[PDB]
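*Asks:* My structure is below; once you've seen it, I'll send some questions.
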Amino acid sequence: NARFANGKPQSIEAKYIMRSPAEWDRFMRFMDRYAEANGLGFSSXXXXXXX
Amino acid sequence: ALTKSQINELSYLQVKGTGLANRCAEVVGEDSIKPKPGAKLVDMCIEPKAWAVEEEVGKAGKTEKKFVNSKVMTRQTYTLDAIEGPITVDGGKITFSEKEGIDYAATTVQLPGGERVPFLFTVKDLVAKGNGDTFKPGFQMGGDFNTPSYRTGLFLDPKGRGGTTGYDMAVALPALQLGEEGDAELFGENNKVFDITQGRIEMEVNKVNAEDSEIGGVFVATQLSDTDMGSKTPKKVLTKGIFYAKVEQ
Amino acid sequence: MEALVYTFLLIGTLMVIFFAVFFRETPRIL
Amino acid sequence: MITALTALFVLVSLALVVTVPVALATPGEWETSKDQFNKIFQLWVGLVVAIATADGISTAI
Amino acid sequence: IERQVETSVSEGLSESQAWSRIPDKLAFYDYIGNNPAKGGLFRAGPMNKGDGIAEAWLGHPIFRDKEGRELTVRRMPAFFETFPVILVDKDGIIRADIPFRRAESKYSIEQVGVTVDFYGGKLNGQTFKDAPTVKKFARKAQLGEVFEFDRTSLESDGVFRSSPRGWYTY
Amino acid sequence: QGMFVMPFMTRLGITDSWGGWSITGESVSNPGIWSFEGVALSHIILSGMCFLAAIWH
Amino acid sequence: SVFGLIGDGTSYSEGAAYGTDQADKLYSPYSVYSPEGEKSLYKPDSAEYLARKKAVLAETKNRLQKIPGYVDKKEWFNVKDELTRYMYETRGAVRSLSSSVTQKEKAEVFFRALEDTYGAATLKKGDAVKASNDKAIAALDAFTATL
Amino acid sequence: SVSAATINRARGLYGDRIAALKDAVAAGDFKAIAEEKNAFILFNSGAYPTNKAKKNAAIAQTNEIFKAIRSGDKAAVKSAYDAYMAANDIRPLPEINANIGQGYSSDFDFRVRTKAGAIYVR
Amino acid sequence: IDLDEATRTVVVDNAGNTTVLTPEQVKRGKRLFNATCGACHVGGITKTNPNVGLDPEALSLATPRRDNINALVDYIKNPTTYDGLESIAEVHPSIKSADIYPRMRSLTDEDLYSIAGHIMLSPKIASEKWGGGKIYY
Amino acid sequence: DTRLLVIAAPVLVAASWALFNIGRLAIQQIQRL
Amino acid sequence: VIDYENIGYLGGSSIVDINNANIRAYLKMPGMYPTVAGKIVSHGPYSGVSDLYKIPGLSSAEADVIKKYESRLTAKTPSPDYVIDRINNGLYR
Amino acid sequence: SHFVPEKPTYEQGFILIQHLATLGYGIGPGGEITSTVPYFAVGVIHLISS
Amino acid sequence: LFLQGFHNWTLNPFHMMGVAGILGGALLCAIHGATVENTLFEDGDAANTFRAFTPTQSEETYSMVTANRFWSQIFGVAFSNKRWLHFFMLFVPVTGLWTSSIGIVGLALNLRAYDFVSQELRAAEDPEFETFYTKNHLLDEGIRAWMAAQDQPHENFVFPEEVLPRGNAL
Amino acid sequence: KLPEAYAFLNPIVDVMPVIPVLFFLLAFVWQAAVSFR
Ligand code: CLA
Ligand code: CLA
Ligand code: CLA
Ligand SMILES: CC(C)=CCC/C(C)=C/CC/C(C)=C/CC/C(C)=C/CC/C(C)=C/CC/C(C)=C/CC/C(C)=C/CC/C(C)=C/CC/C(C)=C/CC1=CC(=O)C(C)=C(C)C1=O
Ligand SMILES: CCCCCCCCCCCCCCCC(=O)OC[C@H](COP(=O)(O)OC[C@@H](O)CO)OC(=O)CCCCCCCCCCCCCCC
């Protein structure tokens, strides 16, 4: 590598199964609070004060 | 590291970064060439693929001299390229007689133990001598070249002392002189001598293509390390790698 | 042997800062 | 003829840069004087057009 | 120094015994390592840990060119830890030096051929036409009257100190 | 050389060091985690972690 | 006892005033913001610089003959380099040597055919390099004869 | 501070300005001595600033010049002016060259545009 | 100490012929020299080739001798090497190269007679700073 | 005569005078600044 | 080296070394600096000034200016620290 | 107004010519500037539109 | 740059205490300015808060409890006195200027931290051994040698161009 | 140089860059007219 001009730089499939599973596995924790809950617009100055 | 043909099929931008640029090309095939009076070798790629430095070794009960396989601290700046010299035959045996090219590669190679061994990997002023005529599966060349000093005399000691230039005195300690005996215990270091020593190389041509008139083989080179203007005793560096050339007519 | 004295004092300051953050005299409202 | 037309063009635009925001920032004097500034705004662009023809003709003569 | 030499050569004395009548203690005072302003803060201890115990005066160098003129090495101010070697004559024009860049130097001692002749001391009346030693005594004569020291008594370094006059008013 | 701690390290198998030198008279490319420096570093980690645990109790 | 040189900008000026046309004294520069006169004297541009310009077009054709020799020995960098290295002078020649609208059109056909060689050299397509070269050299040999 | 280079300078500056009046001793130009009275005074201050005994020697050697020209005996003027140059070593600066030279390096020197002003430019 | 008729007196012909540059023409010299030549000859040196400088000690060791007005004007018309055998107008601004250097196209006789005057008048002004390099900055 | 400098300074003046009077005019007018 | 007895023949005095002095030392000989000095400096160690003429490629009008300055040229033993900086000393002006 | 045709655009400290030059206005081969009339066109249209 | 080249003035630790006092003084001016402005109380309905202060107030206009909870929880260590804080803002810029001005009475008599000795020994016996420290000494003899011909014009330093120390090509 | 017709107005062109600074100066003038409400 070292100026191989890579995309999000990366030279193996092994780091593709590091980018996606470490985003996703700290994403699925975020989903476990915010799944199955939608809508409820509020029209205020940054309330978004639902729980 | 492929042949010179499809290295030339790559643009500059798509080699740029790959580490291809040290790689000597390869030859496919076994053939003869039979050089003519007036030919020469033109693209003499020389890459060392392993380094080795003389030392004192410990083993079963006895200490003696051998070479450790050692690693390079310079990244990729270690191979020689585009060396040319007029080829001649006088007594039936082929001589190389190096003249131009990138004929030095200032590397530094760290010993097991922490010690850094800088040297010049040179082919400067080579005169080879073949085992016969007619470049073949096993035509071996060998000769003696010149290792010049690593730093030339314009280079300057961290206090401002050099061969050509610099101070002559210990600028540090200006009350060292003061007598009949001046700084004379530092005379072995204030004196910056440009030493030049002699190396050794032994080619061994393995594969020969005469459709492109190109040879390639495996060399073994032994030479001497840096002496910081005659301060330290230089070690004996042994390199091994592959080489490559293109024959004229 | 003075690199001992250097690293004793540098780690010496790093120890004093550790006690100064975590073992401080807390201020009370009372 | 171009130099005289742009000389008139600068001197009209001096009156515009001055008298227009003085008549805009007055709460009364716009609705009454709007037909005095309409005549000069229409004249002003109609002078830009008559000066763009002048360069247009008198370059490729 | 020079007044006591002039009143000795006006008495009729030749030069090599005109300089030998100068007292050694007076020659010790015309010396850079005897300045209060020569040392530094964290150079601790006596002056003899600076350059050594003084043993004896070597001699007074007189530097001559090929025309038999006289060259004096321009002495160093007390500011400079290092000043170069510059050999000037009676009217202060450079006849010789020691070059830093040695390539195109016009005034090198090996080109001008500066010769050394001492007067008095333990090195009385000894010519030196040897071009290294001319340079060696040119570097010594830049600082002070040149003595011979003992650096091995207390392992004195090669580098200066300051007086009780320096430390009291410090 | 007056090594007091090092013979106890090598007699159970720490022969290599990060400086490339082996104590058995070899040359090693990669000693790994467990070298003379890595063992010495591991006791300073354990010194720091047992220090914090000492404060917690 | 002085009366130092006051030199307001309208007053007298020896060496230091920047009065933008005063000390030039009817040599009448190009603009007032420049020291030089405009272009009237001492270089007739129609004089013999046209040896050099025609010499560009003479050695232009020779390097363009070198191109299909380096497509067979497939050396794509040499096609891109020899089309810039000496050929840099050709645009400054042909544009400065084309006068009428017919020569400008035969310039335009030559430059597009020259740029389609470098594009096809970038794309690494050997038959399109050789084809566009034949379009190029025949556009050169047309343009040289139109003088 | 009085130093060695300050002695060298007033000697170099005004040793030109004393010895060049050898042209004015010849015809006996009586105004050309009176215009250079301050040349005698200021070489006297600069060449012996710490040495007061040689300075007060060169006071009376200067007085003997002006006492002689006030009477006007041109023989006794040169009989005193020879003694002034031969006691104090008045010397002008001669021509320097490439081997014998480098009068100045900075343009701050007191001999930049003098005839002993040259530099090996290299 | 003004810029009189004596300091403005420079060598014009190969022999000892001297003329006086008018004081408008010193200004024409210094200004046009800095505009056209000044990118590589600031302070009388050559940035692209420091061995060959604008010093009178290095103009009078040239072949032919360039220490007058007329051969400097001849140099701008027809630049040769330092030994003067072959022409370097290919790689140097000139009138033979004024199609290939656009900053030479509007110069005249009085321009180059003033520009070359500035190369000659300047070592009478400085004489150590001119072409002395960075040591005299 | 440098008529440039004799034109360049009044056009500095006539620009600096112009917009500043839009200050002064709308204050003698008094209206809602 | 602290002390090299041919300092005066490098760029100092009128007489210029042939084996060690750079191309910049030949500035002060008129007619020489391109293509004569460029040849004198690009070729090997010499024995004397008369054997400067044995350079391959050295022609007649190139050797005329050599014969003019054969009195100012001279051959010393080559110190190899000064033979690397013959093309480029590394000091410019 | 400060254009002199001798020196290139970078030497006379220009800042908005070159943005119009690399869109192909008034420039010929090698960075030589044929005329400043299209730069006059661009700059005047931005005045009246302002 | 006079006291850098001739005196190595940044290396004097009396000066380093001075820099710490002045940078730490501008530090405390930036901190206590920011925290007071940002722990302020609502004393009006204007978005401008400057008009919600009169000088005769009996209460505090910034919450010292809130400001202590800020830095103790961000930086780890915070003030808890207004009397000790404002003495500390008095103390730090002032004692910077004292300790710095002690060291400039060092150079007045040229007792200076110019070199470390053993650091400068080992360089003169190992040409391999370079630090940033020895890089600074070469820069110091650039300032010493080049400036002095035009620094002190009265001492009439004439320096040959081969004498003047210089790197490669510049 | 401007086109030869427009070359008469060269000093008027010479002020025209400065004017966007001078708007920002009125914004403090206009507050001083309104006496900094
Ligand atoms: C006015 C005070 C003064 C002065 C000028 C001197 C002068 C001298 N003494 Mg002396 N001395 C003094 C007081 C003084 N003495 C006192 C009070 C003691 C008893 C402690 C001594 C004990 C003493 C000994 C034992 C020796 C001398 C020696 C010397 C001579 C060498 C100077 C030297 O080494 O400096 C060294 C200078 C420094 C190290 C500079 C320090 C810079 C300041 C003070 C830093 C302080 C701030 C800092 C926060 C300190 C704390 C350290 C930190 C790690 C916490 C010199 C003639 C030597 C000699 O040869 O004499 C025979 C010697 O061997 N002295
Ligand atoms: C993760 C655990 C661990 C490991 C694997 C090591 C590993 C190592 N340590 Mg170590 N160490 C550790 C934790 C660890 N340490 C901790 C927690 C401490 C603090 C107490 C220390 C303190 C320490 C010191 C002070 C030293 C080491 C040393 C060493 C090295 C040599 C080991 C040796 O010779 O042991 C030898 C150990 C023994 C001979 C003890 C034997 C156990 C006794 C005799 C048992 C008798 C009582 C028992 C209850 C009997 C009843 C049971 C029976 C019925 C079966 C080795 C590299 C040495 C070294 O070289 O430093 C790097 C050294 O000097 N360590
Ligand atoms: C990068 C950060 C840095 C910092 C923070 C400092 C900080 C300091 N340096 Mg410094 N320095 C640095 C880098 C740095 N240095 C470097 C790289 C060098 C190069 C070697 C130096 C070299 C250096 C020297 C050479 C000196 C300092 C000094 C100082 C101190 C400044 C003393 C002061 O404020 O006097 C400011 C002046 C005064 C306080 C006196 C003012 C007296 C009254 C109030 C005057 C006002 C009257 C009136 C208002 C005038 C009106 C007119 C006017 C407004 C127009 C301070 C400790 C000085 C020092 O240590 O001396 C103690 C000093 O001499 N420094
Ligand atoms: C291996 C490693 C670690 C290697 C290290 C190697 C190496 C580089 C070491 C460097 C060592 C080192 C530290 C050297 C520097 C030494 C140095 C120069 C020392 C100077 C010594 C000294 C005595 C100087 C005298 C001058 C002086 C007294 C300086 C004082 C400096 C200093 C402590 C200032 C304090 C600045 C500071 C950070 C204060 C922040 C205060 C703060 C938290 C405000 C919070 C706060 C603000 C409010 O307003 C309110 C209201 C509240 C409530 C509140 O909370
Ligand atoms: C993620 C967090 C990252 C930062 C964490 C660690 C940084 C914490 C630093 C604290 C150490 C200082 C506390 C000591 C002193 C301490 O305990 O102060 C505590 C002190 C509390 O004072 P009070 O207001 O309680 O005052 C009581 C008074 O009445 C005393 O009479 O706080 C201060 O006054 C402000 C502290 C400024 C902080 C001083 C910083 C100095 C920087 C240190 C220089 C570093 C040397 C490094 C060498 C390598």
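Chains: A, B, ... in order of the structure tokens. Residues: from 1 per chain. Ligands: from 1, in order shown.
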Hey, which residues sit close to ligand 3? Say within 7 Å, counting only C-alpha atoms and all ligand atoms, and write them as a list in words.

*Replies:*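 Answer in the requested format: residues 1, 3, 4, 8, 9, 10, 15, 18, 19, 20, 21, 22, 23, 96, 97, 100, 101 and 104 of chain M.
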
*Asks:* When you get a sec, could you note down which chain L residues fall within 7 Å of chain G, using only C-alpha atoms, as a ChimeraX atom specification?

*Replies:* /L:2,4,29-30

*Asks:* Excluding region 208-221 of chain B and any residue of its chain fewer than 3 positions from it, enumerate the residues within 6 Å of it, using only C-alpha atoms, and give them as a list in words.

*Replies:*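 The residues that qualify are residues 29, 30, 31, 33, 200, 201, 202, 203, 204, 205, 238, 239, 240, 241, 242, 243, 244, 245, 246 and 247 of chain B.
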
*Asks:* Near region 13-19 of chain F, counting only C-alpha atoms, which residues have an atom at most 6 Å away, once you skip same-chain residues fewer than 4 positions from it, shown as a VMD selection string?

*Replies:* (chain B and resid 113 to 114) or (chain F and resid 9 23 31 35 to 36)

*Asks:* As an exercise, work out the distance from CA of residue 17 (chain A) to CA of residue 2 (chain A) in Å and give it to one decimal place.

*Replies:* 21.1 Å

*Asks:* Could you write out as JSON, numbers by chain the residues of chain N within 10 Å of chain J, counting only C-alpha atoms?

*Replies:* {"N": [8, 9, 10, 11, 12, 13, 14, 15, 16, 18, 19, 22, 23, 25, 26, 29, 30, 31, 32, 33, 34]}

*Asks:* Assign secondary structure with DSSP using the backbone only, and return the residues of chain C in alpha helix (DSSP H) as an NGL selection string.

*Replies:* :C and (2-22)

*Asks:* Identify, counting only C-alpha atoms and all ligand atoms, the protein, DNA and RNA residues located within 12 Å of ligand 2, and give them as an MDAnalysis selection string.

*Replies:* chainID F and resid 3:15 34:51

*Asks:* Take the residues from that selection and write them out as a PDB file, in the first residue's frame, keeping C-alpha atoms.

*Replies:*
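Now in out35.pdb:
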ATOM      1  CA  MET F   3      22.092  -9.905  36.158  1.00  0.00           C
ATOM      2  CA  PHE F   4      19.862 -10.912  39.018  1.00  0.00           C
ATOM      3  CA  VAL F   5      16.402 -10.860  37.473  1.00  0.00           C
ATOM      4  CA  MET F   6      17.268 -12.097  33.969  1.00  0.00           C
ATOM      5  CA  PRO F   7      18.352 -15.682  34.904  1.00  0.00           C
ATOM      6  CA  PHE F   8      14.939 -16.255  36.435  1.00  0.00           C
ATOM      7  CA  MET F   9      13.323 -15.052  33.222  1.00  0.00           C
ATOM      8  CA  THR F  10      15.355 -17.278  30.920  1.00  0.00           C
ATOM      9  CA  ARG F  11      15.195 -20.458  32.964  1.00  0.00           C
ATOM     10  CA  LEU F  12      11.500 -20.835  32.248  1.00  0.00           C
ATOM     11  CA  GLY F  13      11.737 -19.874  28.599  1.00  0.00           C
ATOM     12  CA  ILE F  14      12.263 -16.168  27.892  1.00  0.00           C
ATOM     13  CA  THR F  15      15.214 -16.393  25.518  1.00  0.00           C
ATOM     14  CA  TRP F  34       6.904 -12.560  25.465  1.00  0.00           C
ATOM     15  CA  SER F  35      10.427 -11.191  25.355  1.00  0.00           C
ATOM     16  CA  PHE F  36      12.599  -9.633  28.023  1.00  0.00           C
ATOM     17  CA  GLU F  37      10.940  -6.288  27.399  1.00  0.00           C
ATOM     18  CA  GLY F  38       7.442  -7.724  27.145  1.00  0.00           C
ATOM     19  CA  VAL F  39       7.728  -9.610  30.424  1.00  0.00           C
ATOM     20  CA  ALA F  40       9.170  -6.507  32.090  1.00  0.00           C
ATOM     21  CA  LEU F  41       6.367  -4.427  30.618  1.00  0.00           C
ATOM     22  CA  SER F  42       3.729  -6.918  31.753  1.00  0.00           C
ATOM     23  CA  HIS F  43       4.802  -6.483  35.354  1.00  0.00           C
ATOM     24  CA  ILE F  44       4.433  -2.726  35.082  1.00  0.00           C
ATOM     25  CA  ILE F  45       0.890  -3.144  33.778  1.00  0.00           C
ATOM     26  CA  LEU F  46       0.215  -5.516  36.661  1.00  0.00           C
ATOM     27  CA  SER F  47       1.834  -2.981  38.962  1.00  0.00           C
ATOM     28  CA  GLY F  48      -0.519  -0.281  37.747  1.00  0.00           C
ATOM     29  CA  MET F  49      -3.643  -2.419  37.774  1.00  0.00           C
ATOM     30  CA  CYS F  50      -2.984  -3.843  41.232  1.00  0.00           C
ATOM     31  CA  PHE F  51      -2.286  -0.280  42.367  1.00  0.00           C
TER      32      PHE F  51
END

*Asks:* What does the distance from CA of residue 11 (chain C) to CA of residue 21 (chain F) come to in Å, to one decimal?

*Replies:*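 Computed distance, CA of residue 11 (chain C) to CA of residue 21 (chain F), equals 28.9 Å.
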